[PDB]
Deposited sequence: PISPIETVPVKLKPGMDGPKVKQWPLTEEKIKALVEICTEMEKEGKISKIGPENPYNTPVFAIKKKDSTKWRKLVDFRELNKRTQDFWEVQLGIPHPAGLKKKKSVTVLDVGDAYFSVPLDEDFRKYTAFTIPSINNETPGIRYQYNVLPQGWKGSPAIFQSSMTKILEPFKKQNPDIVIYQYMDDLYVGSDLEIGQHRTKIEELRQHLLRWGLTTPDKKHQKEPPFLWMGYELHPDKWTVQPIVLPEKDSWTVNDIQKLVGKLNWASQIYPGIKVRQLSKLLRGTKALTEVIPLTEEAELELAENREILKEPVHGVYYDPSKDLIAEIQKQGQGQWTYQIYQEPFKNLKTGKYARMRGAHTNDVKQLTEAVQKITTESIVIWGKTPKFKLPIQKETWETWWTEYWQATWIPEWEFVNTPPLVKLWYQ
């Protein structure tokens, strides 16, 4: 109802970012949606005097045939002044990742009831493109708070506090966190009772996705158990172990390598010795312990690496410094993704990003095992998420792929 003044960081101007091509149906959807939004005063047309531009496209969320408008605010988000509030830099609710169940809700309907600081509005400018440049693209700017901006939930923190005040006091055992346009709600309850409580909460929102963090995995490094070892087996073992020696200090491969001495066929069976078995055992025990001195630094960037294992399976690692992992994991999930690598990759990136948002309260920077052009061409078609993480592209195959399989 009253606009809190917002500016950019010192020295930085408003985002000017090229609008990328859009399909005909997406353009139509955006046209209809924005035509509806203009009547409601949410956005207003602008003239040539506003050089700033931000990318925009359209998607379809889960279990819905209705197109949704998605703005890519990344450049604006980083150019937006770092938002510190009277919240005093709220510490992430670490009790969230420890919860039995967590439900993700979309609160983005609320941001449109709050007007935006006038001088800042020119920075929210976007363009609906036309096919084949036959007509100039339709340009709008946001009068209210746009979804996807990092300043919107920051400004709406107080209102959201006043709205969610009764629910939190009624049942204090329910954890609540807010990121962007999405609201995460944790509970230890039963799935049915969970869903009913969710209905209670959303109807509580009205008058003013199911995750399981406890079922989430932190993967250790495992070695094979065999009655019979071949030369190839032992060579692979020594490889993985020598790799793990970077992570774990006390790993020693010498007595295992001692078995390989001479030139033997890869398929030839090599029986282990007492020294060898002992060494392998000690290595196992070393691997069963966690990593020495692994910590999370909020002043550092999170990095997510993803490897494609094939057969619809993907592995991943979230970390800050090399060979120190904050998390590792695996995604085998198959829904309609069987014949498409890029769709799988996209859903994987979404899952990993969501988990990252739950644990550290911020998205990581992905290193994707895909060519820039392929990804950039196809990623928006499979993308159901309202937030967009940063990413880069690794074009050299890692040797570390089968070491996580």
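| Regions left out of the model, expressed as runs of the deposited sequence counted from 1 | Residues lacking C-alpha coordinates: 1-4, 213-231.
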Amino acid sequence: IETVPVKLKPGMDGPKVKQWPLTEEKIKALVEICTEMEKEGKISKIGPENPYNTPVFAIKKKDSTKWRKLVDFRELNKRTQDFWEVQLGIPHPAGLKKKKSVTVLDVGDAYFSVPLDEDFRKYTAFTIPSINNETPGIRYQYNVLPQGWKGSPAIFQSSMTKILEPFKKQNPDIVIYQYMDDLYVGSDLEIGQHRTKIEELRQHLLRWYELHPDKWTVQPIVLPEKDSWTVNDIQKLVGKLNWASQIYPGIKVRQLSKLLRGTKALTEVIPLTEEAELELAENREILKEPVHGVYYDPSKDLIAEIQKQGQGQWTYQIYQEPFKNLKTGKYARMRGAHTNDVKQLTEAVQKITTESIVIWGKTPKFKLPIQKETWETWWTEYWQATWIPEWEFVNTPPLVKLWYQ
From here on, numbers count along this sequence of modelled residues.
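Rigid core: the largest C-alpha set superposing within 1.5 Å between the two forms.
**OP:** Please pick 62-70 or 49-57, whichever has its Cα atoms farther from the shown form in 6 other deposited structures of this protein after a rigid core fit.
**Re:** Of the two stretches, the larger average C-alpha offset in 6 other deposited structures of this protein falls on 62-70.
- Message: Comparing against the shown form in 6 other deposited structures of this protein, which stretch has the larger RMS C-alpha deviation after a rigid core superposition, 222-230 or 175-183?
- Response: Clearly, after the core fit, the stretch farther away in 6 other deposited structures of this protein is 222-230.
Per the PDB record, is the mean Cα temperature factor higher over 365-373 or over 60-68? The stretch with the larger mean CA B-factor is 60-68.
Look up the CA B-factors in the entry and say which stretch, 101-109 or 284-292, has the higher mean. Of 101-109 and 284-292, the stretch with the higher C-alpha B-factor average is 101-109.
Candidate set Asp214, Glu134, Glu225, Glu277 [ranked by C-alpha B-factor, highest]:
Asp214 has the highest C-alpha B-factor of those listed.
Discussion item. So if I compare the CA B-factors in the entry for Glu305, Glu200, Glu75, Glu321, which one is the largest?
Written reply: Of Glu305, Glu200, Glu75, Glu321, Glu200 has the highest C-alpha B-factor.
Among the chain's modelled residues, which third holds the C-alpha B-factor of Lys18? Lowest third - that is where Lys18 ends up once the chain's C-alpha B-factors are sorted.
Exercise. Quick one: classify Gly89 as lowest, middle or highest third of the chain based on its Cα B-factor.
Key: It belongs to the highest third of the chain when residues are ordered by C-alpha B-factor.
Notebook entry, point to check: Can you tell me which third, lowest, middle or highest, the CA B-factor of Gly41 falls into for its chain?
Noted result: As the PDB entry reports it, the C-alpha B-factor of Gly41 lands in the middle third of its chain.
Notebook entry, point to check: What third of its chain's C-alpha B-factors does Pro298 belong to: lowest, middle or highest?
Noted result: Middle third.
Exercise. Within this chain, which third does the Cα B-factor at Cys34 fall in: lowest, middle or highest?
Worked result: For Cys34, whose C-alpha B-factor we compare with every modelled residue in the chain, the answer is the middle third.
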